[PDB]
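Structural overview
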Amino acid sequence: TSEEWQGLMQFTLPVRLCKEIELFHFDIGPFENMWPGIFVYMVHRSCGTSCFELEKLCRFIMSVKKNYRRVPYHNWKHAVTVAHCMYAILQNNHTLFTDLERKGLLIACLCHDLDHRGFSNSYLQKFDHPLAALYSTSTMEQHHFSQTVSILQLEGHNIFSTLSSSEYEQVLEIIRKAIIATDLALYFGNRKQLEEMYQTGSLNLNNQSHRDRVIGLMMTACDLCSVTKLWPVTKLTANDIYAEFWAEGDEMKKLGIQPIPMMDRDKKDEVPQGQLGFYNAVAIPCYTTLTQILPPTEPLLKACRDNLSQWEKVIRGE
Amino acid sequence: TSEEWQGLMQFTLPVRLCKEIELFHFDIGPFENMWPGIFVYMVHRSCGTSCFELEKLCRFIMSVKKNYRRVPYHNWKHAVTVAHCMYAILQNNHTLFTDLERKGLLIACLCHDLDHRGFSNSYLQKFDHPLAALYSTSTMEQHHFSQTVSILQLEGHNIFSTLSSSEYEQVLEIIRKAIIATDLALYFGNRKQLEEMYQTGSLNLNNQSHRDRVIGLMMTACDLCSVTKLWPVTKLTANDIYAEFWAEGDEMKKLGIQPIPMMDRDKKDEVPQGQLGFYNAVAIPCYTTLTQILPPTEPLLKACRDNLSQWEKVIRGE
Amino acid sequence: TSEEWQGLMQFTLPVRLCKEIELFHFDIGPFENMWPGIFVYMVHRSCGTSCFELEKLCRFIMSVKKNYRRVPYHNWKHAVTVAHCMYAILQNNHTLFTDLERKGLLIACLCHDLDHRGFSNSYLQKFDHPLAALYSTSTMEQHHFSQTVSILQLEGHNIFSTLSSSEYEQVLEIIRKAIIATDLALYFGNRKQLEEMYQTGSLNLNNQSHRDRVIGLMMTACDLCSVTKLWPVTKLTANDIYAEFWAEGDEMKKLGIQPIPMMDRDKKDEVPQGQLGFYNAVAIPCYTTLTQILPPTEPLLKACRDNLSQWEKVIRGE
Ligand SMILES: COc1cc2nncc(-c3cnc(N4CCC(C(C)(C)O)CC4)c(C)c3)c2cc1OC
Ligand SMILES: COc1cc2nncc(-c3cnc(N4CCC(C(C)(C)O)CC4)c(C)c3)c2cc1OC
Ligand SMILES: COc1cc2nncc(-c3cnc(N4CCC(C(C)(C)O)CC4)c(C)c3)c2cc1OC
Ligand SMILES: [Zn+2]
Ligand SMILES: [Zn+2]
Ligand SMILES: [Zn+2]
Ligand SMILES: [Zn+2]
Ligand SMILES: [Zn+2]
Ligand SMILES: [Zn+2]
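Residues numbered from 1 in each chain as written, not as in the entry; some residues may be left out. Chains lettered and ligands numbered in written order. Heavy atoms only, no water.

If you check the header, you'll see the entry was determined by X-ray crystallography and the resolution is listed as 2.07 Å.

Chain A goes by cAMP and cAMP-inhibited cGMP 3',5'-cyclic phosphodiesterase 10A in the PDB entry, where it is assigned to Homo sapiens.

Listed below in structure tokens is the structure:
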């Protein structure tokens, strides 16, 4: 049979990639046509060679790719990079997650920014975009999930077709919650709640609502993982992130609204301080809390701390 | 019937766009997939919901879009922007124009830069481009009109198929004259003639040759409308315009010909003075004459004057 | 018949292009859709109007075009530019080459960088790219030839189908050797061998191994021809070349490896000196040796010397 042939197959990457893909700070490289193979490899090791029908999975991946746009940062590369961070979290916390959760989270990560234009929810609201009228909160993230479902509904694209309806509904809920959690506006309340539950000892991974929160934080951690790479990667990725911010800032000015300094290309000198503020208020607390809840995710925090030191070095002019 | 269903339909934009589209200084935004809807809305309000068969119009628009190139300034965005300026002129001078003229001018504006490479007529002549051998004068503009006719001749693309042959020939003439008028080399003689006719009182909109001239000036005014937007839009658009000039300047240097300072990227410091010269010699007289002939177009002149003040502010280092 | 109709046809370029295409320092221009016609013209003058079936040749050219990537320098424009330099060498040494060699070398030049990503062999090795595992030496060049053969094997794409098998095998060998010779790592040993054979008088164009070497040097000379154009072209092309180097340098840093100064975007100030070093160690000796072997290629050397003087002028701050 088809599932039998797939059970005998072994997907391999080049030697260097096989070794370094296990590292949290792994970079997926500039060869776009290798990314699908990298994702499939990650799925095979974390879930198993029989989790998805290979032909369907490849079809799904290429359709997802086609629905990411040619923008500086929120592109196809970002999707696969976020998926890799989730892979590393899953592999280092392997006894914690179900089969469905492992399937769902890698797929959710790949799909989490589908059809992103490179603008924030705030801009869409201010521009009075049709999407903002349809989704009052988490505008883009609700759209990302809608795009995911549309791709799954295409002929030969339902990678979950072997699941029972019960399991199908469960994995789609996992995916929906995970994608919505990537709305950074929801992160602040989530981390604060998780911190309180961790300190009191009420935090229980057997409680579904607690579990959803932890997954939500994992999604933030993966989404922000540019700050957890080695310095050369972290610095170069920041260029792409700010390219998008400045473009939004330009568009804000066109609406007659002065953008925040983060999005203003006339205030490039304020970036190092802005980075310091971002690490202190967002990135460091994210990985600190995640490390508390999941100690094997420690390397993410260490790398984030190291990049913080590097930005401080920039500020001093060193 | 089909025309009956269309008569009952109402096309609407988001609330902010409905309000601000009526403003001369409106910016169409960075969401490309909203531009076709914006154009259709403008056609519906200025001409009527029964001027074009909707399915044919949409097919036509997408084909026009496909025939604009990915260049910094003479692109699909420019086409829709010029069309909007014409919409605002038409709406504020609504008793003056026939049904055919309103149809023709919006379509002419959308098609006026079809297949533009981002190079001027002068460069094509000097490079000895096949187009320059075919069209000795108004080289690109003659090509734009030829592209328009080619699109109209495609199956299911003749948006004027309901017109009589007499009316069809009239609208195509309106379109041809309007597109040729966007050759800025022809503007100087046209404005000068219009100024003389306005001062003597010989200018008569009932005279076809006079009428053609006024339409020609309207086309220049719409074509140049970047200088009539608010300062943030005007300044950012100037970046795109000069990107193309510098690219042509590079190509001129490759032919062994020193380009004019306007096209020389080594002389970026001369841009503010070059802008002052452009407003004084071209933009201000254009909108001054247009305002004299059509007083409701006044906001274009006011905005042009304000941008002139801003460029003077740049020169002073303020 | 079909070959008879083609024998009566005459392909012509615009007047300026017909004249200036014969010059070694000719620039092909920014009009992409004219490049196929330029190549066909060169083939017709150097080989003959009956060397290729026109319909097959055009199909082949468009497929080759489709398999070049949108990279700063190793793109479709580079392919046609290298082909032009070969055309000029062939035309000025017209009694030396067979029909097969003229066919082969122009096609080899057009195909010599097929599917280039803008990265060197060294980067692919260090990234552990699948291609490096398959081709241990001349990694990209072996891939370029493989892409060439794949295009020729497509239906209606075998432009050499009229050749006998013997001749077909000969032209494919000419093409293979020529493409492999564009590996600049192989150039240094080749030029050194040719210099020794020239000085002793052992160099004999009737010896196949000697002939292969000379063709190899011709391929280097054509590949590097940016340094043989007039200064404005040479300077602007250098921008594209370094754009690719800096991108590779960024990727090297992402692997945790400090790149050589040539590829480091933080060391832009070292470029003029790097250019001086490149001309002295690579470009000048290449064209000096080529001019010794083929005196009519002299203009390439003169232009290279002139560009060397220009870079020295930059260093002095003049
Ligand atoms: C590496 O640096 C960053 C990475 C990042 N990665 N992902 C997301 C962001 C980022 C994206 N947007 C953010 N917002 C959006 C809303 C904006 C307001 C609400 C003021 O419109 C506040 C800032 C914030 C705070 C961060 C982010 C920001 C970064 O620097 C500020
Ligand atoms: C906002 O600034 C401009 C907007 C513009 N929008 N549209 C068109 C132009 C522009 C385009 N080209 C122009 N020409 C072309 C011919 C050129 C010669 C004839 C010397 O080759 C003279 C300048 C001129 C004078 C203006 C134009 C120029 C502008 O600044 C000079
Ligand atoms: C116009 O300037 C150049 C044109 C060029 N055109 N083609 C190729 C190159 C070029 C491409 N790569 C080169 N290498 C690749 C290997 C690299 C090592 C082996 C150190 O990785 C040494 C430099 C070298 C020496 C030259 C080249 C380099 C140039 O400047 C250095
Ligand atoms: Zn997102
Ligand atoms: Zn994201
Ligand atoms: Zn034009
Ligand atoms: Zn225009
Ligand atoms: Zn090469
Ligand atoms: Zn090459």
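1. Section: the relation of the copies chain A and chain C
Here the two chain copies are tied together by a rotation about an axis and a shift along that axis. So the rule is basically this: Only the C-alpha atoms of the copies enter the least-squares fit used to superpose them.
The transformation that overlays chain A on chain C combines an axial shift of 0.0 Å with a rotation of 120 degrees, and the residual RMSD is 0.0 Å. These values place the two chain copies in the arrangement generated by a three-fold rotation axis. Using C-alpha coordinates, one finds that chain A approaches the rotation axis most closely at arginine 70 of chain A, a distance of 7.7 Å.

2. Brief notes about the site of ligand 2
Residue and element names in this part refer to chain B. What counts is decided by this rule: Being near a molecule or strand, for a residue, means having at least one of its heavy atoms within 4 Å of it. Within 3.5 Å is the distance limit for a polar contact, defined as a pair of N or O atoms, with the added protein rule that one can donate a hydrogen and the other accept it, and that residues adjacent in sequence qualify only through two side-chain atoms. All accessibility values rest on the Shrake-Rupley procedure with a 1.4 Å probe; residue burial counts only the protein chains present in the view. Labels follow the DSSP assignment, with helices taken as runs of H or I lasting at least four residues and strands as runs of E lasting at least two, numbered in each case from the N terminus. Classification convention: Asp, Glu, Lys, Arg as charged; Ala, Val, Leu, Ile, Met, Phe, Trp, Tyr, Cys, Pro as nonpolar; all other residues, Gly among them, as polar.
Taken together, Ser122, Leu184, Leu224, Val227, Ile241, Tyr242, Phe245, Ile260, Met262, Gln275 and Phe278 make up all the residues around ligand 2. The contact in question runs from an oxygen atom of ligand 2 to an N or O atom on the side chain of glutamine 275, over 3.0 Å. Alone, ligand 2 offers 630 Å² of accessible surface; in the complex the protein occludes 68% of this. Elements supplying a minimum of two residues to the shell around ligand 2: α13 (231–254) and α14 (271–293). Looking at the shell around ligand 2, the element that brings in the most residues is α13, giving three residues. In the shell around ligand 2, the residues fall into nine nonpolar, two polar and no charged.

3. A few points about the interface of chain C and chain B
Just so we agree on the cut-off: Note on contacts: a residue pair qualifies if any of its non-hydrogen atoms lie within 4.5 Å across the two residues. Values labelled buried area give the accessible surface lost by two parts on being combined, using a 1.4 Å probe and summing over both. Should a side-chain nitrogen of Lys or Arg be within 4 Å of a carboxyl oxygen of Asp or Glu, the pair is scored as a salt bridge.
In this assembly, 15 residues from chain C lie in contact with 15 residues from chain B. Across the chain C to chain B interface the summed buried area is about 1,200 Å²; carbon plus sulfur atoms make up 69%. Three residues stand out in chain C for area buried against chain B, namely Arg16, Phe31 and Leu236 of chain C, and they jointly supply 45% of the buried area on that side. The interface formed by chain C and chain B contains zero salt bridges. On inspection of chain C and its partner chain B, the count reaches three residue pairs in polar contact.

4. With respect to the coordination of the zinc ion (ligand 9)
All names here are of chain C. Going by this rule: For Na, K and Ca the donor cutoff is 3.2 Å, while for all other metals N, O and S atoms count as donors only within 2.8 Å; water does not appear among the atoms, so some sites may look incomplete. Here a site with four donors is tetrahedral if all angles are between 85 and 135 degrees, and a site with four or six donors is square planar or octahedral if opposite donors are over 155 degrees apart and the other angles are between 65 and 115; anything else gets the irregular label.
Around the zinc ion (ligand 9), the protein contributes the donor atoms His78 (NE2), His112 (NE2), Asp113 (OD) and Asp223 (OD), at 2.1 to 2.2 Å from the metal centre. Relative to the metal, the four donor atoms surrounding the zinc ion (ligand 9) lie at angles of 86 to 177 degrees, and the coordination shape comes out irregular. Read in sequence order, the donor residues for the zinc ion (ligand 9) give the motif H-x33-H-D-x109-D. The zinc ion (ligand 8) is placed at 3.7 Å from the zinc ion (ligand 9), the two being bridged by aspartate 113. Linking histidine 78 in helix α5 (residues 76–92) with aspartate 113 in the loop between α6 (99–111) and α7 (121–127), this pair joins segments that are 35 residues apart in sequence.

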